[PDB]
Amino acid sequence: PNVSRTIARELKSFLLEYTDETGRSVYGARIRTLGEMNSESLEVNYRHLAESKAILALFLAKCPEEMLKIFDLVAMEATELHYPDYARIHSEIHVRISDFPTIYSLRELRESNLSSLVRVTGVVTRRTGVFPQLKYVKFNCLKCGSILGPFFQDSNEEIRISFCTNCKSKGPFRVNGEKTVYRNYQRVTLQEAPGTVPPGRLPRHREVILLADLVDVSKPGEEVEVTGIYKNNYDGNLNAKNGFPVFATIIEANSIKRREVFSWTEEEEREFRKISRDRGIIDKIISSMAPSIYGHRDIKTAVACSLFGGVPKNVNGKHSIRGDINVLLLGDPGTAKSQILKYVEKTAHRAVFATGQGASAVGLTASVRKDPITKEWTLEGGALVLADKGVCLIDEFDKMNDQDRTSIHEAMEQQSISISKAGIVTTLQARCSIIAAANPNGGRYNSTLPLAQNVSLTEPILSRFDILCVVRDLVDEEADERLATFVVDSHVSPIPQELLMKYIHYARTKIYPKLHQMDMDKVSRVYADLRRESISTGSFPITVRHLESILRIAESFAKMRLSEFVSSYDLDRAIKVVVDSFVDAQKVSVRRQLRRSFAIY
Amino acid sequence: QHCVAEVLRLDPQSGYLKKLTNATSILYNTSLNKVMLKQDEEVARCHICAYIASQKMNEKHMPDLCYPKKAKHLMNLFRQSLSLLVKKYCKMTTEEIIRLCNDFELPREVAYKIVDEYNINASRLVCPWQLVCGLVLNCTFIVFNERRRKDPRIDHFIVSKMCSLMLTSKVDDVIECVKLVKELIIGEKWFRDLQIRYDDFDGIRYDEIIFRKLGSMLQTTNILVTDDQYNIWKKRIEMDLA
Amino acid sequence: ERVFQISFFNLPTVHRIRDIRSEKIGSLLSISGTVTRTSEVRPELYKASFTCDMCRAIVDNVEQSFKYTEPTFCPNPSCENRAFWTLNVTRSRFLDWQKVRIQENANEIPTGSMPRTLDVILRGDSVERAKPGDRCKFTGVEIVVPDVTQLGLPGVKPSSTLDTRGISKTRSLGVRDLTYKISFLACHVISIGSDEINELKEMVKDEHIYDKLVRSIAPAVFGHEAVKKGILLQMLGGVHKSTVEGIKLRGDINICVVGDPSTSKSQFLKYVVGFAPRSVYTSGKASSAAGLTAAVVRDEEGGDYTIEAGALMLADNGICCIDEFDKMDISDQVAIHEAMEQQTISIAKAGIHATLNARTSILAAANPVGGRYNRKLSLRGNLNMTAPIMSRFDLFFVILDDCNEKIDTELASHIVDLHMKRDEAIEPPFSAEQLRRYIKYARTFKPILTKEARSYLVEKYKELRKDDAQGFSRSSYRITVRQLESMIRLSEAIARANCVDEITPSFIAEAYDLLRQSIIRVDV
Ligand SMILES: Nc1ncnc2c1ncn2[C@@H]1O[C@H](COP(=O)(O)OP(=O)(O)O)[C@@H](O)[C@H]1O
Ligand SMILES: [Zn+2]
Ligand SMILES: [Zn+2]
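Chains as they are written, first to last, in the entry's author numbering: chain 2, 201 to 460, 473 to 704, 756 to 864; chain F, 7 to 19, 26 to 79, 88 to 102, 271 to 430; chain 6, 260 to 429, 441 to 463, 510 to 840.
Structure (structure tokens):
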């Protein structure tokens, strides 16, 4: 149809004089922002030109891949009157659409619907390539040492020439990749939402193509809304068709999203400092850390120290100190052990939920792995590797063999891995924060024995844990009265977690607050004190490991408060923590240490 | 649109350019809308498109527009869908000698002048290869005096080029080809305009030759060399250490 | 503007797949079988244009069934080679497609036998009436198709060749080999395998119909009421929606039992698989998880892959009755754990990833280590299966025997009376017929709590944990909060079992006494 005359003038009328509220030319903003941005794309809300006139959508629907022809050129028209030499730079424009109401599944597609506007739902998985393919073509001829002019390529074919401008010769032709111009092409997988596959049925799957410089706007595990068109694929080698002569189908999709990049502004950090300096945030930290369970405050506090990370240093590049904090929990499975760590995975920055064998992301090591695509040898590392700045969670630490244990040992020992396999040798940075859990032998903790005697762990990696917290059966009435009430009300002051991760994102950047040697020889004093009081009634010692850790906790709380340097009356908190850490870690014989080592409270 | 403006502004090689890009747009549109018009390589698809768009607006020109098998096919298909000098008495055209002049990448104005010369005075001839040979040679010697003034390696390369473009091992005939046209074309106002433009006057400037010939000794026969010459020759021996 | 479909249903005769020979060709013939797969909708070549290779002359016709390759006639025949052609896509008509894989049913099978299978293909608007893992009764005509799989086989092989006799002077023989399979098509298919209002209005008005429904569900088997009760609430599901975050629940419930052999555990399985709408009996041992869960194709028959109909993927809104629990592998219990932890699954192979969903409610079968369950030890040292899998279980049962002669005598009486062909010994309140519709009513009743009730639930859990106060006696598996959510989903199930909305403490007191009874004591 040659009604492109009326159609073009009236759609450009739409494009220009569009007014909806307050006489608002909404798309002038779009185009001027585009030209500001060196942008290649532009969006147009379907609902309003559909409100005005819908046989727009009809002459679209009959052949929408031919409805394009006026609109891309119209973009350049509006562009150059507001941005000369843009057409010089950006050779061509694509467009985007929004707000289309019709819905189909990935299964509901019928022949009556294709070659028309299609709008689906699903999930982007198995992302492959951002490969380049052609849009402009020139050549290297042999019978003459010269070229071809510029040529646009269709949506559905290769190209080949036998004419030449010098003569009608079908000489050997070859493309000049060393001069041609290209664009972005993606092949993408797309699958239905399993939260709604009805009873018994299975979910179908499809394949998707993504163009227009919109590649890598997606990642595995996202809910997506591609609106587009639909068609077959005459990809040659088709006369070998047994059965009936029936063909695949493929989408070309234009619009794309991810619903169904954390950073700090001026006021966002203004308020951070405002609240950090004002009167002891930390009670409200543990009030707002993880309301999954009402639970208990002590281990929340321990892992709050584990959150922020302290400060590492080296004495001129030697005698290193670890700034980042470790933890270790244990106790009967009847209570919530595998909850808040996954919460923390949801709440941190560059956290991970790895695991041992079964329902794991990776095997907690690094290895020369294949890839399903084209046998790409790669070097993945355990989730420890991923958060060399951050943290690595684990559950069921016990359930490990020789080497998967030696690895974590190496990590908390020298903070670096080594590999001696496969024509490749290397070390890395494993300065990660460790968290874990495990299960005691016999459900209950066996209160009447020490730790390594009760649980069958080994010590040398056990020593790295500044904290080793434990609970057991909590047996009184009030335990029931609170926990049953909460767990039923699940189905019958504290600050946003967004603000809290944005605080740590603000914290690991800026503050490296110091400590002033003002009254620190009390360290030397109370250390020597309790290091003797230990032998006074106890079996095992306490060692400088603990002291170093208390200092790391001190700077931890410094980063927490966000103060400029150490405060004295918070070393009380740090040392109290390590004190009542060693309290519960021992026999009933320690019951005298309960009375002795309280003066340091 | 780039390629459209390219092939559309390929015709020269006010309302025209505008109406013709619009024409090709809606033409290509109409041709691709329906499922009726296929197996048409885009290799060639903006040419009788442009010819009929010439046919449409107001004035059309059969020459210099189509400038082949399927040219006719697609036309109907769309239109339904809607030595050299011993050779005696040779013949030539506009574009034959546009080629033999454009081989030096000379402008087209000089070529049009030789064409006018021909089509007025190609009447009483024996062989036009001589006349046009001499013509384009005395275009080259007049416009290319600069590069030759500093590069005497040119005059051998150029004469060798036109010696074998017209397939001879003997050349003194070419010498005659130059001096005879120079005897002939010697005194026309346009030739005059070119000589004031590109300033040969036997290959030498005016403000020099008049003192060469009126009767002077101030006449500068540049046996000596200019100052900038030495100013730049000194750099070659500056680094003589290496 | 017109294309059509037709079908003929309610034929008199059935033929199994083995009951089909080479004389029913082009014949309507009704078969019934079973499904293991579906496949991908791919719209089909009904009509399609072509065009001259030397002009725009289009032909809007099609060779349709097979021979889909070449017309001859041109409108303007003047051509050097009018034999071959071009094509086009749009001046065309299309219609949907679908493929399944059809399978024998168990109740008709021979010895020394596999469920011999073969392919069937659909067309038109009657599609979407397929389904995996279900019996169906098809009807269509004995469509067939070429094949080369049948090579390497004995005897002689037909071959086609044009004639070169009577005409002469005109692989040059143009020889094609021809050898086929006997697929099938379907004109129409159905899913094989009122005053009921008054029926059920009369049944509901009683009070001890609980006990009736209890006792009526294994008259084939003798006693062990707990089995009856648990199975009767197993089909009943708990409300998985009662959250706000979108983090969710495994709304249904799960079961297992223990007992020495020479026991009637498997009778219960065979019952419920002989009753259940959706179910399966399987090994417990002789299985890879590639059998339980779905191992899938890698791009075979040219077209794309398709998720296999998983066995354990099945039991949507139902059960996977599995015996022989103890001899399970390492990885299968692993996979099971992954299946139970969430109500979701993740799969991959050849780079492909999956994601599925289900709410499976397992009942299965324990086998102790030596079989002998030492009554004075705890559950764990005898069970031999790791903690998380031993956990997630709302329930455990034990069935162990002893000398009681009065009752043993009547038990043997029941057994030997069962060797009286179809005797009246199983006289229930009623049969499976009304039971299934009663279930389809009751599954969706959706009960409600009250403040008095939950306030009493709390104090009763207090007393419960206070039995772990002096636990370790009447204790072989100890207390946690799994137990209380288990109890709550059980109250949900049991109020649905009552088909009434509001539950009271008296009804949950049955669960109180139950879990009080679910456990084992030991010696001083
Ligand atoms: N205090 C609690 N409040 C609510 N739910 C709890 C509580 N304690 C335990 N749970 C539930 O019981 C489970 C305990 O699991 P966990 O002991 O972490 O398993 P594992 O020991 O294998 O890691 C949790 O998933 C949690 O949902
Ligand atoms: Zn060539
Ligand atoms: Zn023809």
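Positions of the beta carbon are idealized from the N, C-alpha and C atoms, including for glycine.
So which residues of chain 6 does residue i contact, with C-beta pairs closer than 9 Å?
i, result
"residue 594 (chain 2)", "Going along chain 6, no residue has its Cβ under 9 Å from residue 594 (chain 2), so there is no contact; the nearest lies around 19 Å."
"residue 101 (chain F)", "315"
"residue 51 (chain F)", "310, 312 and 345"
Sorted by chain position, which residues of the same chain lie with C-beta nearer than 8 Å to residue i's C-beta, five sequence neighbours on each side aside?
i, result
"residue 412 (chain F)", "none"
"residue 303 (chain F)", "282, 285 and 286"
"residue 243 (chain 2)", "230, 295, 296, 297, 298 and 455"
Please list, in chain order, all residues of the same chain as residue i whose beta carbon is under 6 Å from its beta carbon, the five residues on each side excluded.
i, result
"residue 54 (chain F)", "none"
"residue 749 (chain 6)", "none"
"residue 741 (chain 6)", "733"
Taking residue i as the query, report the chain 6 residues whose CB atoms sit under 8 Å from its CB, ordered along the chain.
i, result
"residue 48 (chain F)", "315 and 317"
"residue 425 (chain 2)", "Under the 8 Å cutoff, chain 6 gives no residues; its nearest Cβ is about 18 Å from residue 425 (chain 2)."
"residue 97 (chain F)", "314 and 315"
What's the C-alpha gap between residue i and residue j?
i, j, result
"residue 674 (chain 6)", "residue 660 (chain 6)", "6 Å"
"residue 316 (chain 2)", "residue 311 (chain 6)", "28 Å"
"residue 484 (chain 2)", "residue 823 (chain 2)", "11 Å"
"residue 325 (chain F)", "residue 334 (chain F)", "15 Å"
"residue 838 (chain 6)", "residue 694 (chain 6)", "8 Å"
"residue 343 (chain 2)", "residue 89 (chain F)", "22 Å"
"residue 265 (chain 2)", "residue 355 (chain 2)", "10 Å"
"residue 250 (chain 2)", "residue 275 (chain 2)", "19 Å"
"residue 302 (chain 6)", "residue 701 (chain 6)", "51 Å"
"residue 348 (chain 2)", "residue 62 (chain F)", "20 Å"
For a contact meaning CB atoms closer than 9 Å, what does residue i contact in chain 2?
i, result
"residue 522 (chain 6)", "Neighbours of residue 522 (chain 6) on chain 2: none; closest Cβ ~32 Å, over 9 Å."
"residue 9 (chain F)", "336, 349, 350, 351 and 352"
"residue 37 (chain F)", "204, 208, 269, 270 and 273"
"residue 12 (chain F)", "349 and 350"
Against residue i, what residues of chain F qualify as contacts under a CB-to-CB distance less than 7 Å, listed in chain order?
i, result
"residue 383 (chain 2)", "Per Cβ cutoff of 7 Å: no residues; residue 383 (chain 2) is ~14 Å from chain F at best."
Under 8 Å Cβ-Cβ, which residues of chain 2 neighbour residue i?
i, result
"residue 633 (chain 6)", "399"
"residue 619 (chain 6)", "448"
"residue 660 (chain 6)", "394"
Please list, in chain order, the chain F residues whose beta carbon lies closer than 9 Å to that of residue i.
i, result
"residue 350 (chain 6)", "47 and 48"
"residue 379 (chain 2)", "Those do not exist, as residue 379 (chain 2) stays about 15 Å from chain F at its closest Cβ, beyond 9 Å."
"residue 291 (chain 2)", "7 and 8"
Leaving out the 5 sequence neighbours to the left and right, which residues in its chain are closer than 7 Å to residue i when beta-carbon positions are compared?
i, result
"residue 390 (chain F)", "none"
Applying a beta-carbon distance threshold of less than 7 Å, which residues of chain 2 neighbour residue i?
i, result
"residue 42 (chain F)", "202"
Using a cut-off of 7 Å between C-beta atoms, extract the partners of residue i located in chain 6.
i, result
"residue 310 (chain 2)", "355"
"residue 609 (chain 2)", "What residue 609 (chain 2) touches in chain 6: nothing, since even the nearest Cβ is about 15 Å away."
Please compile the residues from chain F whose C-beta is within a distance smaller than 8 Å of the C-beta of residue i.
i, result
"residue 263 (chain 2)", "45"
Near ligand 2, which residues have their beta-carbon closer than 6 Å to a heavy atom?
341 (chain 2), 343 (chain 2), 344 (chain 2), 364 (chain 2), 366 (chain 2), 367 (chain 2), 369 (chain 2) and 371 (chain 2)
Below 6 Å from a heavy atom of ligand 3 - residues by beta-carbon
311 (chain 6), 313 (chain 6), 314 (chain 6), 316 (chain 6), 333 (chain 6), 335 (chain 6), 338 (chain 6) and 341 (chain 6)
Would you call the stretch 617-626 of chain 6 in contact with the stretch 390-409 of chain 2, where contact means no fewer than 3 C-beta pairs closer than 8 Å?
yes
Is the stretch 377-397 of chain 6 close to the stretch 285-298 of chain 6, with three or more CB pairs under 8 Å?
yes
Are the stretch 597-616 of chain 2 and the stretch 654-661 of chain 2 touching, with three or more C-beta to C-beta distances below 8 Å?
no
Closer than 8 Å is the cut-off here; do at least three beta carbon pairs connect the stretch 292-306 of chain 2 with the stretch 233-243 of chain 2?
yes
Are at least three pairs of beta-carbons, each pair with one atom in the stretch 587-600 of chain 2 and one in the stretch 635-645 of chain 2, less than 8 Å apart?
yes
Taking contact to mean 3 or more Cβ pairs, one atom from each stretch, closer than 8 Å, check whether the stretch 571-584 of chain 6 and the stretch 539-548 of chain 6 are in contact.
yes
Contact between the stretch 411-425 of chain 6 and the stretch 528-535 of chain 6 is defined here as three or more beta-carbon pairs at a separation below 8 Å; is this criterion met?
no
Taking contact to mean 3 or more Cβ pairs, one atom from each stretch, closer than 8 Å, check whether the stretch 353-367 of chain 6 and the stretch 381-390 of chain 6 are in contact.
yes
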